[PDB]
Amino acid sequence: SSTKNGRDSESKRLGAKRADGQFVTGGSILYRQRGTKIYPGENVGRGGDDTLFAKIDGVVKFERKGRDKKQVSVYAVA
Amino acid sequence: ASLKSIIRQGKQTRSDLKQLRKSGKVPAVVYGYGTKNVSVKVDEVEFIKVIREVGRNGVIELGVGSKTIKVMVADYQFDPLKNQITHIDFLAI
Amino acid sequence: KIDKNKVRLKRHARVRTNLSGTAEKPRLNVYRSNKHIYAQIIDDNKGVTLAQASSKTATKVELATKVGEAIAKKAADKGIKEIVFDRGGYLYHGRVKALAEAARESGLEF
Amino acid sequence: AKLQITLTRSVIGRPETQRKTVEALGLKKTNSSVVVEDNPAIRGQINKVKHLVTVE
Amino acid sequence: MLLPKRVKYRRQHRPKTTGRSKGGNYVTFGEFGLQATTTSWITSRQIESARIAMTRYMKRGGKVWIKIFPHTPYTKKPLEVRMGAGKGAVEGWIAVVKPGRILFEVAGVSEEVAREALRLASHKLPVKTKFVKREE
RNA sequence: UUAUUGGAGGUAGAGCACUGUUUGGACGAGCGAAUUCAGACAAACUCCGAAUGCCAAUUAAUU
RNA sequence: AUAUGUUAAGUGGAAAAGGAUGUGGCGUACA
RNA sequence: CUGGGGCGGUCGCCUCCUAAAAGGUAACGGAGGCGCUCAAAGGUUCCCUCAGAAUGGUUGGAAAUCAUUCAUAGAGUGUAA
RNA sequence: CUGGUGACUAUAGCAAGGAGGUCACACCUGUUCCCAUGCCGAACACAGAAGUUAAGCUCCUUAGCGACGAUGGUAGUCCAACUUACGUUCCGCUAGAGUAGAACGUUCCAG
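Asks: Please provide a residue-by-residue account of the pattern of salt bridges, values included.
Replies: On inspection of all chains with the given rule, the structure shows 12 salt bridges over all chains. A salt bridge links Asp38 of chain D to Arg43 of chain D; the nearest nitrogen and oxygen atoms lie 2.7 Å apart. The exposure class assigned to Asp38 of chain D is partly exposed, which follows from its relative accessible area of 28%. Given the relative accessible area of 41%, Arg43 of chain D is considered partly exposed. Residues joined in a network through salt bridges with shared partners are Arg16, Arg27 and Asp44 of chain C.

Asks: Tell me about the pairing of strand β3 (residues 38-43) of chain B, and please be specific about residues and values.
Replies: Residue and element names in this part refer to chain B. For β3, the buried fraction is high: 5 of the 6 residues fall into the buried class. Relative to β3, strand β1 (residues 6-7) runs antiparallel, the two sharing 2 bridges. Within β3, the residue paired with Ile6 across the bridge is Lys41.

Asks: Give me the lowdown on the protein's contact with RNA strand F, citing residues and values where you can.
Replies: As a structural note, the neighbourhood of RNA strand F is formed by 39 residues, with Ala24 of chain D together with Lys5, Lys8, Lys22 and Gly24 of chain E the closest of them. Among all atoms of RNA strand F positioned within 4 Å of the protein, those belonging to sugar or phosphate total 71%. Within the backbone of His13 of chain E, one N or O atom sits 3.5 Å away from a base nitrogen of RNA strand F. Elements supplying a minimum of two residues to the surface near RNA strand F: α1 (16-25) and α2 (42-48) of chain D together with β3 (63-66) of chain E. No other element matches α1 of chain D, which puts 5 residues into the surface near RNA strand F. A class-by-class count of the residues in the surface near RNA strand F yields 14 nonpolar, 11 polar and 14 charged.

Asks: Explain the interface of chain B and chain E residue by residue, including any values.
Replies: At the junction of the two partners, chain B supplies 4 residues and chain E supplies 7 residues. Here chain B packs against chain E, burying approximately 500 Å² in sum over the two surfaces, 52% of which is carbon and sulfur. Per-residue buried area on chain B facing chain E is highest for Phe78, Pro80 and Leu81 of chain B; these three make up 82% of the total on that side. For the pair chain B and chain E, the number of links is 0 salt bridges. For the pair chain B and chain E, the interface holds 1 residue pair in polar contact. Classifying every residue of the side of chain B that touches chain E by side-chain character gives 4 nonpolar, no polar and no charged.

Asks: Account for the sheet that holds strand β4 (residues 72-76) of chain E, with residues named and values stated.
Replies: All names here are of chain E. Strand order in the open sheet made by the 3 strands is β2-β5-β4, with antiparallel pairing throughout. Of all strands in the sheet, those with a lone pairing partner are β2 (40-43) and β4, marking the two edges. Strand-to-strand twist across the sheet, computed as the mean angle between neighbouring axes with direction ignored, equals 50 degrees. Of the pairings in the sheet, the one linking β4 to strand β5 (residues 89-97) comprises 5 bridges and is antiparallel in character. For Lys76, the partnering residue across the bridge sits in β5 and is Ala89. Lying on the sheet, helix α1 (residues 44-58) is in contact with β2 and β5; it crosses β2 at an angle near 75 degrees.

Asks: Before we move on, can you summarise the nonpolar core with the specific residues and values?
Replies: By size, the foremost hydrophobic cluster in this structure holds 21 residues, and its most contacted members are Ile37, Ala39, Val67, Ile71, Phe85 and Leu99 of chain C. Those elements that place two or more of their residues in this core are β2 (38-43), β3 (48-54), α2 (61-77) and α3 (95-104) of chain C. Leave out the neighbours within four places in its chain, and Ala39 of chain C touches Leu28, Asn29, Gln52, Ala53, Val67, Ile71 and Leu99 of chain C. Core analysis: the next-biggest nonpolar cluster, separate from the first, contains 20 residues, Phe32, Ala36, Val106 and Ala117 of chain E among them.

Asks: Report on α1 of chain E, specifying residues and quantitative values.
Replies: The periodicity of an α-helix, 3.6 residues per turn, causes residues three or four places apart in sequence to face the same way. All names here are of chain E. End to end, α1 covers 22 Å across 15 residues, agreeing with the expected 21 Å (1.5 Å per residue, within 8%). Among the residues of α1, those classed as buried are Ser44, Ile47, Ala50, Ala53, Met54 and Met58. For α1, the secondary structure elements touched by its buried residues are β2, β3, β5, β6 (102-107), α2 (113-117) and α3 (119-122). Positive backbone phi, approximately 60 degrees, marks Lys59, located one or two places after α1.

Asks: Report on the sheet that holds strand β2 (residues 33-36) of chain D, specifying residues and quantitative values.
Replies: Residue and element names in this part refer to chain D. Ordered in space as β2-β1-β3, the 3 strands form an open sheet in which the pairing is antiparallel. Because the sheet does not close on itself, it has two edges, and the strands there are β2 and β3 (53-55). Going from strand to strand, the sheet's axes swing by 20 degrees on average, the running direction of each strand aside. With 4 bridges joining them, strand β1 (residues 3-7) and β2 adopt antiparallel strand pairing. By the bridge assignment, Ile5 is partnered in β2 with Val34.

Asks: Please set out the layout of surface pockets residue by residue, giving values where relevant.
Replies: Unfilled space is identified by rolling a water-sized probe across the atoms. In this model, the largest pocket occupies a volume close to 410 Å³. In terms of lining, the largest pocket is formed by 14 residues, of which the most central are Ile48, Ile51 and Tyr76 of chain B together with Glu135 and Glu136 of chain E. Those elements that provide at least two residues to the lining of the largest pocket are α2 (44-54) and β6 (72-79) of chain B. With 4 residues, α2 of chain B is the single largest residue contributor to the lining of the largest pocket.

Asks: I'd like to hear about unusual backbone geometry, residue by residue, with values.
Replies: Unlike most non-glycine residues, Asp68 of chain A shows phi in positive territory, near 65 degrees. By the element assignment, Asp68 of chain A lies in the loop between β7 (58-64) and β8 (70-75). Under the relative-accessibility criterion, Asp68 of chain A is labelled exposed at 73%. The phi angle at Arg60 of chain E is positive, at roughly 60 degrees, despite the residue not being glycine.

Asks: For the pairing of β5 of chain E, give the residues involved together with the corresponding values.
Replies: Pairing of β2 of chain E with β5 of chain E involves 4 bridges; the strand directions are antiparallel. Across the sheet, the residue bridging to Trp41 of chain E is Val96 of chain E, located in β5 of chain E.

Scoring rules and cut-offs
Residues numbered from 1 in each chain as written, not as in the entry; some residues may be left out. Chains lettered and ligands numbered in written order. Part of a larger assembly, values for the part shown. Heavy atoms only, no water. Salt bridge = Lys/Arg side-chain N within 4 Å of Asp/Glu carboxyl O. Buried < 20%, exposed > 50% of the residue type's maximum accessible area, 1.4 Å probe, protein only. Helix = DSSP H or I, 4+ residues; strand = E, 2+ residues; numbered from the N terminus. Pairing = 2+ DSSP bridges. Near = heavy atom within 4 Å. Polar contact = N/O pair within 3.5 Å; in protein donor to acceptor, adjacent residues only side chain to side chain. Nonpolar A, V, L, I, M, F, W, Y, C, P; charged D, E, K, R; others polar. Contact = heavy atoms within 4.5 Å. Buried area = accessible area lost by both parts, 1.4 Å probe. Axes fitted to C-alpha atoms, helices over the stretch in contact; angles between N-to-C directions. Core = buried A, V, L, I, M, F, W, Y, C linked by side-chain atoms within 4.5 Å. Expected span 1.5 Å × (residues − 1). 1 Å grid on protein atoms, 1.4 Å probe; cavity = no way out; pocket = protein on both sides within 12 Å on 5 of 7 lines; lining within 4 Å. Points joined across faces, edges and corners; volume = space filled by probe spheres on them.

Listed below in structure tokens is the structure:
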């Protein structure tokens with residue numbers, strides 16, 4: 001006459017943080033994830049916990065990298 | 001006697017297809033070699049019996065726009081609950 | 001019953017993931033064979049090849065040095081000093097370093 | 001100056017998203033009208049609330 | 001007594017039951033079949049009762065097939081208990097049937113002995129049925 | 001708010017290529033589920049995959 | 001009110017599995 | 001805290017499903033784990049590649065060891081997912 | 001109709017059969033010379049008269065297994081009317097099918 005379940009952990013706010021074609025700064029977080037579901041591109045770095053961040057100012061670009069794989073890059077605005 | 005035919009022009013709405021089936025006429029598409037992709041209209045009963053003679057892989061000889069084209073049945077759609085054919089695909093070799 | 005160079009390309013691919021050549025730092029590629037040795041300067045960021053030099057004795061080691069200053073002088077004419085060396089997937093020893101040594105000592109900044 | 005739209009049905013009992021499209025066109029109360037020229041974005045608003053207004 | 005030998009989870013959710021059948025709408029093994037026209041749950045005990053009657057009438061005349069299987073279990077609570085305090089316990093296994101699916105297929109008999117063995121077996125089921133032949 | 005051009009995200013449906021569960025045959029390695037020919041099932045299965053909604057573009061018109 | 005059709009049960013104005021040459025519509029020598 | 005209160009069970013943190021393809025979201029709803037460990041199981045440079053192995057053998061209740069081909073990763077990755 | 005080095009979702013693959021060279025790639029005969037194996041100068045690098053297209057490697061052919069796949073229907077679905085399961089209007093699967101397809105190709109070395 002009792003329950004053995006009832007536990008759960010706090011939810012992490014994973015996913016993308018900026019949109020394609022948007023302007024960002026040098027240290028803007030772009031994608032929080034577990035592992036590498038999206039790979040870094042041009043002018044992008046992968047953090048310790050797999051967080052993707054930019055390194056310069058420019059537009060964001062989500063593109064495809066091979067068959068069944070995605071990346072994110074940043075290009076300076078001219 | 002070769003069977004008759006009608007050409008469906010444009011794009012029909014969900015209602016137009018349902019009313020066409022209610023009348024007793026089933027839509028069809030012909031995409032075989034030597035022909036283009038044209039939507040046609042053939043009587044359900046007229047097809048049910050002409051297919052009896054030629055069988056499964058016999059030659060239909062359907063006529064589209066005053067031009068008879070020898071054709072065959074490739075695949076069709078059937079409703080088991082209401083027992084009513086829905087779609088027919090004609091393949092011309 | 002294997003291909004020696006087929007596997008070598010896979011090792012070269014792993015090396016060229018973090019090693020790239022730009023305009024200011026063009027990559028220096030080195031291709032090897034059973035008899036002759038080669039070299040090449042590439043600008044991948046756009047896709048242009050700048051220089052080219054090849055042998056065509058002593059295990060072809062002295063010939064490897066024959067290409068060291070041969071290509072270095074080509075580059076020296078255009079006055080480009082900074083470069084990035086590319087092994088090619090061949091162990092850095094013997095003839096490979098000869099081509100690099102023969103070019104590094106000729107006023108070329110690696 | 002090509003179209004005339006008049007509000008026939010009220011906005012009581014309608015989703016808040018539809019009540020906002022009736023404000024962009026310039027309709028205040030029931031039976032109120034307004035005149036505008038046929039634009040590509042103008043017909044995108046009428047189509048969303050075509051069950052409430054009467055375009056003429 | 002059809003029941004899966006093992007399952008990963010013993011407490012599942014109940015199926016939707018609303019809509020039309022997904023697959024298995026034709027006869028592919030025998031000469032005749034029994035098609036359903038309504039929705040309902042079918043238990044292992046119902047499948048047992050409905051196939052023993054069919055076997056007796058045919059007198060071991062031919063082959064009989066069962067195209068449904070009770071994959072999903074259902075739980076039940078004790079008697080005179082209040083709401084909450086956990087979920088119940090397994091009671092039985094059921095299968096979902098919707099209009100347009102075949103339940104039984106027989107072969108090796110005529111069209112008359114087959115239309116009477118399926119009528120005596122359609123009264124044990126809680127769903128409406130119909131006689132269907134291999135579509136030409 | 002709307003039209004348009006872009007992106008991120010696997011639900012409905014569908015499917016059996018993975019993990020399971022599971023009906024009827026064929027072939028002798030001890031032959032109904034780590035071989036093959038057919039037919040099905042799944043909140044914690046997915047080779048596939050919408051309609052909507054969401055984030056953007058000091059882009060256009062109405063407010 | 002007008003036009004064309006259906007139902008005889010007070011159906012309309014409460015419900016199922018099943019049981020009935022009740023009565024319409026559209027398709028495929030019998031005493 | 002509690003489908004009245006007692007009695008029983010539960011109280012912080014981590015992962016998954018319910019959750020309705022952004023994020024967020026309840027129940028005494030459905031399943032597990034944690035209160036560490038490693039001086040190399042860390043950094044760097046160069047190399048390498050796994051299960052299962054339709055058969056051969058110093059022939060030991062077909063699977064320790066060795067040999068050649070099938071091998072879309074069915075192996076591993078200190079410890080749950 | 002070559003070698004080197006990059007760009008692109010196998011339409012670039014897997015198979016099966018065929019043709020070709022000592023100018024180039026390879027195979028290839030050696031371990032004194034730098035360096036290398038937890039048996040194998042096996043691999044790694046080496047010192048390099050000959051020996052050969054049997055395979056590695058190529059340009060040519062074939063749609064068998066994989067891969068790419070519209071048109072037309074169907075399921076599902078936003079909105080709106082009926083009412084609970086049925087109408088109307090936009091979007092638009094999966095699967096299957098007619099089908100593409102035995103790569104396209106920048107710079108570059110010498111022919």
